[PDB]
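K.L.:
Have a look at the structure that comes next, please.
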2 protein chains.
Amino acid sequence: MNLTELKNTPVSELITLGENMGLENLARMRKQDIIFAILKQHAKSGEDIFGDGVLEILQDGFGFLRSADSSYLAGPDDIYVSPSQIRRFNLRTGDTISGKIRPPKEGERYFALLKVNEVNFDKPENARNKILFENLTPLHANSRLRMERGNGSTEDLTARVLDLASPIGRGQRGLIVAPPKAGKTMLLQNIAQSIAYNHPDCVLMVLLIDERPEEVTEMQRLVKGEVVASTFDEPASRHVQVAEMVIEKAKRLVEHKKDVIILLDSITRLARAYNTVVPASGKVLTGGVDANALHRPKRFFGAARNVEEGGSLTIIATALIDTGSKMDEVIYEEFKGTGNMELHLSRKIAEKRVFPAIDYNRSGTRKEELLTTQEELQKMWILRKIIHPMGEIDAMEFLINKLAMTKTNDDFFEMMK
Amino acid sequence: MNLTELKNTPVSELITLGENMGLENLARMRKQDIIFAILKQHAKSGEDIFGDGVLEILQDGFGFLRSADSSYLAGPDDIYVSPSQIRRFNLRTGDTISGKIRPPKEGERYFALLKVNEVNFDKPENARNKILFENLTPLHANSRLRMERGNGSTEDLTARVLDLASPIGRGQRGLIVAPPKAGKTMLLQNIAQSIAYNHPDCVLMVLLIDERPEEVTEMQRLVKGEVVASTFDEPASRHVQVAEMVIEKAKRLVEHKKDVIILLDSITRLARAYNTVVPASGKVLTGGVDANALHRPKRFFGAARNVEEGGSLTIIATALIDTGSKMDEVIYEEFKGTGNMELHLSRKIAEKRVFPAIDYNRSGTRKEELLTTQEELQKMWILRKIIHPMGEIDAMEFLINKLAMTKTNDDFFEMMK
RNA sequence: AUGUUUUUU
Ligand SMILES: Nc1ncnc2c1ncn2[C@@H]1O[C@H](COP(=O)(O)OP(=O)(O)O)[C@@H](O)[C@H]1O
Ligand SMILES: Nc1ncnc2c1ncn2[C@@H]1O[C@H](COP(=O)(O)OP(=O)(O)O)[C@@H](O)[C@H]1O
Ligand code: BEF
Ligand code: BEF
Ligand SMILES: [Mg+2]
Ligand SMILES: [Mg+2]
């Protein structure tokens, strides 16, 4: 008796099971209400019920166990967590809790937690003694997260160009700067697919705030990982809540020496949401940005770091420029002094239908020698010195024509000499 | 005895009928008052009266049935809908209701609804069980909505250029960016005529907010569809109300697997109206735009989506640029990074009296391979690569001179090779 | 109202 197991079951089988259990007509009923009635009827027989979810401690002291399939939205099937157990096990926002639950009695509206069985997918004896995320020693990117497929596919050209322009390692904090209508969607899809193919052990999390739902359901059915999104039909409060829950879960996972990867596509939208939810202080800067509005996105971005004791946190955010709004322009570069990695995309190259439209000149990675060998770094330096004199479109055409001849970049580097 | 039937009748016949029924002199009376008196006299004999309209639920709990011929304006002949029936049939704003009505008794001012016969042009048993619009899975444009006439007319050149620049499919969410005095009116008229000619099965709705009455009555007598407009003589409150009613009706139609097409021509004017009706919060951004003013137009724009279960919602809005106001430059923009189709028009080409004055270079459609075949996409790519080096005016002249030689674009593509 | 917008290189 698990909550996620009943959530994954279809509607027809749940209706059939409820009709066999002998309850009210479930055809004219919601799936969540059907599951609730089935759990009630199964607990009336004396059997136990189990559930799971991410903890969201409220300001009063209690909390609930949000579900991932609903993008951490307030649902009727949330498991109530008393503050006594929180104080007894030192629980915090983001801790994954899995234990026995019971249906609400007369006068209650949510399931109660009796005994916790597993904390953060581990024993509670290992979670009671742990080092906080704020005390971990940061470090630079040491492990190399190669994005090249290696299967010789035609779509691998984007990953090869990305590796030649800006290699990505564990704990990297980069930025994907690109004007609208440049190809950010396809680039993010390719990055997510390459991460899921090359490094399936890492925890991939794609955050899409204030996006077109069709794109949400497309990304959810395309990438092999977790997708937490919030369409534009929701207020900025839900955006802030989702961002906080995601970053808290990422911190709790990193605290257990896990490799978390966050592919953010709405850093600008997140900053707009934070500027909308912040109370007015009577002081407005140039472009309509509050003085204390960028602090929360600043911390959300800076949360990414590489841990020496174990694990890492990678955050790749895509910033929006040339959107016609001065607020986004002020945000983007305020954040430019940030992202230890900038991958610029050119609109002029995208208009020529030359995919990918990557600005190789302005791209780059700091401390790239820690992720590449000596000969590889020398070859990349020679390639950059050869590409720099040529124009952007000409350099992109040259790179595409030279990478189409071979499958691996090593052969291209060997033929360049 | 139908309301719309009496509304379509002329004034002279209604006056004659009222004089034959033996009532007060109807020559010095309004047509609506004449219809009201005729309905009263006909109901005094014991016969039944029927009406219809779009439901507009008020904040208190009751509602009225607005009429389409009055642009959903508050009229004396609105049918009152009690909240009891709303609670009994789960009615919402936008549901088309058609049932028996009765004249108001002593102390009443509006017609009452006794029994509902048809809901959303369908049986109530099919409307009681339905999936909300917020739960439908979005998708990209799959079905091709070809705009080419095919009759070899001289006006078909605009549709041919539009198809070669940006093909339109079901569920598309585009933008027509053009400075003033460019030819937006003729272009919108041609688009509406091509939609009514090629795809007469789709529900066409043209929304004109804050425009001149002459243009309104011109569009109403030119296109073959529904025209809901609101001239500048009305406050922004009526603009917001009309936009809400139109989008709610569109959502209710899409919920019944219908293909709705909305040709918006005032996205900038709608954003200005929303910025005017929003209460001041003491925080003004660059250009005079409120922080929470663009949220409602953002949702109105993002409502457009393609449904996998059935139906679609297409919204083609025309944004205004270079109007001398910085608010529109932020308002029209901020919207640039939202849609997935931009059809730019050049003022320099319009000054040369070269119609249509379309910027073929900056135009385009994302995921265009889902609406065109392989050979068609290759021919469009070759045409774009040939047109790109030439200047805007030169490319437009070349395209016009090459399309004037033949009737179909297939012959042009075959002759280009 | 100052900042924002005006405003840019
Ligand atoms: N690698 C690519 N190959 C082919 N087309 C692409 C590629 N990247 C982008 N595009 C085209 O650009 C359009 C928009 O790209 P997108 O990633 O949505 O840009 P952004 O996210 O910056 O708005 C897509 O619909 C696609 O047709
Ligand atoms: N396809 C066309 N053919 C001929 N003249 C046109 C065409 N499109 C626009 N025009 C001219 O431009 C004028 C204004 O066009 P309009 O569509 O009103 O531009 P906008 O809507 O951008 O203000 C029209 O009065 C018309 O004379
Ligand atoms: F319009 Be893109 F997604 F920035
Ligand atoms: F003056 Be146009 F209608 F934009
Ligand atoms: Mg995008
Ligand atoms: Mg116009």
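Residue names in the structure tokens use chain letters A, B, ... in the order shown, residue numbers from 1 in each chain, and ligand numbers from 1 in the order shown.
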Excluding stretch 2-7 of chain C and its own-chain neighbours fewer than 2 positions away, which residues fall within 12 Å of it when counting only C-alpha atoms (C1' of nucleotides)? Please give them as a PyMOL selection string.
P.N.:
(chain A and resi 281-291+325-327+330) or (chain B and resi 282-291+325-327+329-330) or (chain C and resi 9)
K.L.:
Please identify the residues whose atoms come within 6 Å of ligand 3, using only C-alpha atoms (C1' of nucleotides) and all ligand atoms, and report them as a short mmCIF file (atom, residue, chain, number, x, y, z; two decimals) with N, CA, C and O atoms, in the first residue's frame.
P.N.:
data_model
loop_
_atom_site.label_atom_id
_atom_site.label_comp_id
_atom_site.auth_asym_id
_atom_site.auth_seq_id
_atom_site.Cartn_x
_atom_site.Cartn_y
_atom_site.Cartn_z
N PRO A 180 15.93 35.77 -27.44
CA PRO A 180 14.81 34.89 -27.77
C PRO A 180 14.86 34.44 -29.23
O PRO A 180 15.49 35.06 -30.08
N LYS A 181 14.17 33.33 -29.49
CA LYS A 181 14.10 32.72 -30.82
C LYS A 181 15.50 32.36 -31.34
O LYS A 181 15.81 32.58 -32.51
N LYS A 184 17.16 27.88 -27.73
CA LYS A 184 17.46 27.47 -26.36
C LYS A 184 16.77 26.16 -26.02
O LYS A 184 17.32 25.34 -25.26
N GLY B 337 9.94 37.53 -26.18
CA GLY B 337 10.45 36.24 -25.76
C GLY B 337 9.40 35.24 -25.31
O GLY B 337 9.76 34.22 -24.72
N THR B 338 8.12 35.51 -25.59
CA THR B 338 7.03 34.65 -25.14
C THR B 338 6.47 33.77 -26.25
O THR B 338 6.35 32.56 -26.07
#
K.L.:
Residues within 8 Å of stretch 226-230 of chain A, please, as a compact mmCIF listing (two decimals) with C-alpha atoms, in the first residue's frame. Count only C-alpha atoms (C1' of nucleotides); anything in the same chain fewer than 6 positions from it doesn't count.
P.N.:
# COMPACT_ATOMS: atom_id res chain seq x y z
CA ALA A 68 6.81 15.26 -7.31
CA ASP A 69 4.18 14.41 -9.94
CA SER A 71 5.24 19.93 -9.06
CA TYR A 72 5.07 20.24 -5.26
CA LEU A 204 18.98 15.32 -13.15
CA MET A 205 16.38 17.97 -12.27
CA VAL A 206 14.90 20.30 -14.90
CA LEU A 207 13.20 23.43 -13.54
CA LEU A 208 10.89 25.31 -15.92
CA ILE A 209 9.27 28.37 -14.31
CA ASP A 210 6.72 30.53 -16.16
CA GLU A 211 6.82 28.53 -19.42
CA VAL A 216 6.29 21.49 -20.10
CA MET A 219 10.09 18.23 -21.77
CA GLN A 220 8.43 15.81 -19.34
CA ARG A 238 4.06 29.24 -6.48
CA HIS A 239 7.20 29.96 -8.52
CA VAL A 242 8.82 25.58 -6.19
K.L.:
Work out how far atom CA of residue B:355 is from atom CA of residue B:260, in Å to one decimal.
P.N.:
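If I compute the distance from atom CA of residue B:260 to atom CA of residue B:355, I get 28.9 Å.
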K.L.:
Which residues in stretch 206-346 of chain B does DSSP call alpha helix (DSSP H)? List them as JSON, numbers by chain.
P.N.:
{"B": [213, 214, 215, 216, 217, 218, 219, 220, 236, 237, 238, 239, 240, 241, 242, 243, 244, 245, 246, 247, 248, 249, 250, 251, 252, 253, 254, 267, 268, 269, 270, 271, 272, 273, 274, 275, 276, 277, 295, 296, 297, 298, 299, 300, 301, 302, 326, 327, 328, 329, 330, 331]}
K.L.:
Go ahead and dump the residues you just picked, C-alpha atoms, as a compact mmCIF listing (two decimals), in the first residue's frame.
P.N.:
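Written file, selection_11.txt:
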# COMPACT_ATOMS: atom_id res chain seq x y z
CA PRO B 213 -15.88 52.65 -35.11
CA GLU B 214 -15.42 52.92 -38.89
CA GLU B 215 -12.80 50.16 -38.86
CA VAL B 216 -15.07 48.09 -36.59
CA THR B 217 -18.07 48.31 -38.91
CA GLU B 218 -15.75 47.69 -41.86
CA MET B 219 -14.34 44.48 -40.37
CA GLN B 220 -17.83 43.37 -39.31
CA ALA B 236 -10.66 50.08 -20.14
CA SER B 237 -13.02 48.18 -17.83
CA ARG B 238 -15.19 47.17 -20.79
CA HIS B 239 -12.03 46.18 -22.67
CA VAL B 240 -10.99 43.87 -19.83
CA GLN B 241 -14.52 42.46 -19.57
CA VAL B 242 -14.69 41.75 -23.31
CA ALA B 243 -11.26 40.11 -23.30
CA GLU B 244 -12.23 37.91 -20.35
CA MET B 245 -15.54 36.89 -21.95
CA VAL B 246 -13.84 36.08 -25.26
CA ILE B 247 -11.09 34.00 -23.68
CA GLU B 248 -13.59 32.16 -21.46
CA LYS B 249 -15.79 31.35 -24.45
CA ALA B 250 -12.72 30.16 -26.34
CA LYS B 251 -11.72 27.89 -23.45
CA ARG B 252 -15.25 26.50 -23.16
CA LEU B 253 -15.30 25.78 -26.90
CA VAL B 254 -11.87 24.10 -26.82
CA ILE B 267 -2.37 43.21 -27.57
CA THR B 268 -0.61 46.51 -26.88
CA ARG B 269 -3.94 48.26 -26.27
CA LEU B 270 -5.04 45.37 -24.04
CA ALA B 271 -1.84 45.67 -22.00
CA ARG B 272 -2.42 49.43 -21.70
CA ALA B 273 -5.98 48.79 -20.50
CA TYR B 274 -4.76 46.28 -17.91
CA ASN B 275 -2.08 48.72 -16.74
CA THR B 276 -4.78 51.39 -16.42
CA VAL B 277 -7.27 49.24 -14.47
CA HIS B 295 0.42 39.27 -15.83
CA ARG B 296 -3.14 39.28 -17.19
CA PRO B 297 -2.08 39.86 -20.83
CA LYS B 298 0.63 37.25 -20.30
CA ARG B 299 -1.99 34.68 -19.31
CA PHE B 300 -4.35 35.78 -22.09
CA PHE B 301 -1.55 35.21 -24.61
CA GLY B 302 -0.38 31.92 -23.09
CA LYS B 326 8.39 53.77 -24.19
CA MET B 327 5.59 51.80 -22.51
CA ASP B 328 4.67 50.08 -25.78
CA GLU B 329 8.36 49.37 -26.42
CA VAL B 330 8.43 47.57 -23.06
CA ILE B 331 4.76 46.35 -23.40
